[PDB]
Amino acid sequence: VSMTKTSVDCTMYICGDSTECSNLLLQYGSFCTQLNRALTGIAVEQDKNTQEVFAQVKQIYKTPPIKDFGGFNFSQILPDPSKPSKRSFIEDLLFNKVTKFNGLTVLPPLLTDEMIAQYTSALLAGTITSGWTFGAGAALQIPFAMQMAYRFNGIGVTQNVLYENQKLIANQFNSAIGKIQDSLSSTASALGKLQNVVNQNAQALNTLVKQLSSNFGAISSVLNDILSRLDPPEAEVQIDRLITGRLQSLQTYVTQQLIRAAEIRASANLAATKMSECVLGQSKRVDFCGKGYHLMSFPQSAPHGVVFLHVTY
Amino acid sequence: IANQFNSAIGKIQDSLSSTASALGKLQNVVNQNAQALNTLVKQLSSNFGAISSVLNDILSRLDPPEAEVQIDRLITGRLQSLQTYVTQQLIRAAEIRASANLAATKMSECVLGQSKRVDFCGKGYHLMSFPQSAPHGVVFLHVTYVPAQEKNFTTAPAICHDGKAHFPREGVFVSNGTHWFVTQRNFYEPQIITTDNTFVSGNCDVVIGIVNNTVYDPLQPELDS
Amino acid sequence: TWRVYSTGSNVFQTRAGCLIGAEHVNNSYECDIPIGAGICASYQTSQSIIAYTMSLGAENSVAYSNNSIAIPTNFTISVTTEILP
């Protein structure tokens, strides 16, 4: 869904605490007005991707204290009230697999991970207690045994198959939910899409620091080494080779991050469509909410992304 | 219905005349293209390490063996300004391409037909849509269907009459406390449970939560011929 | 240059930094100016700048039974807008 918000400074990165370097940077125009306007609009857009996906409904629904859903066990996706962090058993496994002074700052996100988990728990209590009615008006109380009688009719199956085989469907649902808990506790390569976002944002910042030790055709890389050796009619030439060599290193980082922000924007618009068509209703599109005949879906939280659990036929 | 539709169009005229920030998505495109052209002009007054920013000044004060150095600092500084302006405009042209393909999809599904996708052509059950013109954009008017008033009832999955289970064809079973009726899911219309609104299949042994009632047969006044 | 805010009785240590110039309240409203880490800011009530935690919406738990249903009885016709460049 989202990326890591960051912001770079032009004064401390180009000029390492030098007032003689800042006088030559003013002759280059307004290069750093554009570099700070570009990274600001990215960090605003990363807070907008979490609003169109998670904040689909604004009324917080709650689970009733007694569990009677016709034999279905939702104890793996409902949040645990005993833990201080309101997460489920699957959300605790997803948060354990995904793992300076030169003007580099990391701004914190607006929506906290605790507040994201309240958006996911409010939608899990809507598709169970109401189904599809809380996304197109007011919430209407429908029992869970009567919800699948309508969802089976959408794929061309009569209501005699569900009601005469209520024990067979409920046993196959609980065995398929618990199979993901045994799968996510063993293999860690299932979250490779969320790990590539962190690794690409880490190599883009490690390259920006290692380019400060380059000479770019000058005598040395330290700005204090040139001012304490050279006369200012000659020290201006060696400094000007370092300003141009470090300005092109900053323009590559902003340009490469503006294409990654457009790639993560298309993945947030796709995830916002699946939160409304697969979760808030039943979709007739093939290979959109899973392979086969789609019945219902359950959203889950994840670091810098979402995790869907489609139920098919 | 016709009185509720004519009052909804009149609320848009009062909302567009009073609120000045109703078209913030269209004014952001004009303001972003205005700041990009103003930055390209103001960077012509920079020196980039030369004597002066005016090309007519360095060409008149120095020799062509001497003025070749000062012109080179002005060409390289101004060539990176055009390379930056084209690169940022080529990314904004890709964002406006995805918004144009989204408006072409809603022109065919929401306007030219009726879409059953949830929260695509508006909030609620979509009925129709009307397009409107706008500077550098489109404005849609989605007419939807939202239920307002609710009422609690008592439901049941099926009924057993004489050893056979009766399932409904359309709708669900309701009860006002004493009798049982058949109504739809989106509107309340009580009907009599006859053999034309039921579906006999199996017995009433395996259905969990079944109740007992009677199913009226319309062949009983037929025998009085 | 300016150091006129360090008088005191106005600091509020958050996760992004301490907000000097706004007092802390215990209420929770729908905020308009985002600050960071759930904290927001607004100019409401002799007016000042308040700081609070962002609320996620109203609380509404629905009833649920094994033999209860809710059938609508009326309807409203609504017309919305949508702007796409």
# chains A, B, ... in the order shown; residues from 1 in each chain; ligands from 1
$ residues_around --residues "residue C:61" --least-positions-apart "2" --cutoff "8 Å" --atoms "only C-alpha atoms" --output "list in words"
residues 60, 61, 62 and 63 of chain A; 59 and 63 of chain C
$ interface_residues --of "chain C" --to "chain B" --cutoff "6 Å" --atoms "only C-alpha atoms" --output "ChimeraX atom specification"
/C:67-85
$ interface_residues --of "chain B" --to "chain A" --cutoff "9 Å" --atoms "only C-alpha atoms" --output "PyMOL selection string"
chain B and resi 39+42-49+77+81+84+87-88+91+94-95+116-120+123-125+145-150+152+156-157+167-168+172+201-202+206-208
$ atom_distance --atom1 "atom CA of residue B:31" --atom2 "atom CA of residue A:1"
27.3 Å
$ closest_residue --among "C:22, C:31, C:4, C:49" --to "chain A" --atoms "only C-alpha atoms"
C:31
$ residues_around --residues "residue C:20" --least-positions-apart "6" --cutoff "8 Å" --atoms "only C-alpha atoms" --output "PyMOL selection string"
chain C and resi 5-6+10-12
$ write_last_selection --atoms "N, CA and C atoms" --output "compact mmCIF listing (two decimals), in the first residue's frame"
# COMPACT_ATOMS: atom_id res chain seq x y z
N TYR C 5 9.07 31.46 22.57
CA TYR C 5 8.16 30.38 22.92
C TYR C 5 8.65 29.52 24.07
N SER C 6 9.86 29.76 24.58
CA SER C 6 10.44 28.95 25.64
C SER C 6 10.10 29.46 27.03
N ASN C 10 3.55 25.23 28.08
CA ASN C 10 2.92 24.98 26.80
C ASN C 10 3.52 23.80 26.04
N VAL C 11 4.46 23.06 26.62
CA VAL C 11 5.10 21.95 25.92
C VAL C 11 4.19 20.73 25.96
N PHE C 12 4.30 19.90 24.92
CA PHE C 12 3.52 18.67 24.83
C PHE C 12 4.34 17.68 24.00
$ atom_distance --atom1 "atom CA of residue B:17" --atom2 "atom CA of residue B:108"
29.5 Å
